[PDB]
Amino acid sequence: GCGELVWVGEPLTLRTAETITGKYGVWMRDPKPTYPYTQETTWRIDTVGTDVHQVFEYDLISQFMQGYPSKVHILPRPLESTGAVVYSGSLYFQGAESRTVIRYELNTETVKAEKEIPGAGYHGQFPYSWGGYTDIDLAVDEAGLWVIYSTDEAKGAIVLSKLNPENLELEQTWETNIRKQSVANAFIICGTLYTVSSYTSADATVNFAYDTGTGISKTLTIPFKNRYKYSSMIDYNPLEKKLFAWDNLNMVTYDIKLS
């Protein structure tokens, strides 16, 4: 059931972090779960600080919302920023102070692939507008795995590449005209990249779209509310067809409607 994004609902708070380590972070579910995980399995990474390596895993939504993790993974190398995703049994994350994407198989705690994103800026060159070293943002949509970034050659405009999820090879690349540091975050739905105008405003918008099928860029005015005024992470989950976000200690989700 694919289509163009036409509406975003009110943010729903699922969990509020209890320490400043959780002011910003990423939380994720797998749109292609694999044993021993299910559609309920939830991963959470608080990303404040300089040696981020703990991943909280919750077998059940009840545990994610009301209780303790069922497992803590200690990543073998530290992680950068809020851009990570989980896809088909692996956490895909960026190595701290690097342009390297790492595929970490969760059930075996094994690194399966590492890839330098060619020419990608990193560590504060092309972050989203809030900073936070958000230069590299992974994404999953109905067609699989992508990475959102920029390069000097693109002069800071958003570049997106489709990734092979097994070995991280780039399969195809598109260059937009949207300055990455001028938008708060971005995500991909049904092959279209969407951006959010502000990470602070209760009256933000989903303000730009780039359709990878046609190469056409559009301006949009879809209301988007940052309930807690500091959104560090905004991603799309194509199985649930919802936005997942992290907003000033709060793990939130937004319903959407496609046309």
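Residue indices: 1-based, along the sequence shown.
Participant: Quick one: higher average CA temperature factor, 169-177 or 145-153?
Facilitator: Going by the record's values, the stretch with the higher mean is 169-177.
Participant: Mean C-alpha B-factor higher for 212-220, or for 52-60?
Facilitator: In the deposited entry, the stretch with the higher C-alpha B-factor mean is 212-220.
Participant: Can you tell me which of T19, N237, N248, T13 has the maximum CA B-factor listed in the PDB entry?
Facilitator: Of the candidates given, the C-alpha B-factor peaks at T19.
Participant: Tell me which of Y199, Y35, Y68, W43 tops the list for C-alpha B factor in the record.
Facilitator: Highest CA B-factor of the listed options: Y35.
Participant: For the chain shown, is the CA B-factor of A96 in the lowest, middle or highest third of its modelled residues?
Facilitator: Highest third.
Participant: Ranked by Cα temperature factor within the chain, is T108 in the lowest third, the middle third or the highest third?
Facilitator: Highest third of the chain for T108's C-alpha B-factor.
Participant: Among all modelled residues of this chain, ranked by Cα B factor, put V206 in the bottom, middle or top third, i.e. lowest, middle or highest.
Facilitator: It falls in the bottom third of the chain.
Participant: Hey, what third does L138 fall into on Cα B-factor, ranked over its chain?
Facilitator: According to the entry, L138 has a C-alpha B-factor in the chain's lowest third.
Participant: Sorting the chain's modelled residues by C-alpha B-factor, tell me whether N226 ends up in the lowest, middle or highest third.
Facilitator: As the PDB entry reports it, the C-alpha B-factor of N226 lands in the lowest third of its chain.
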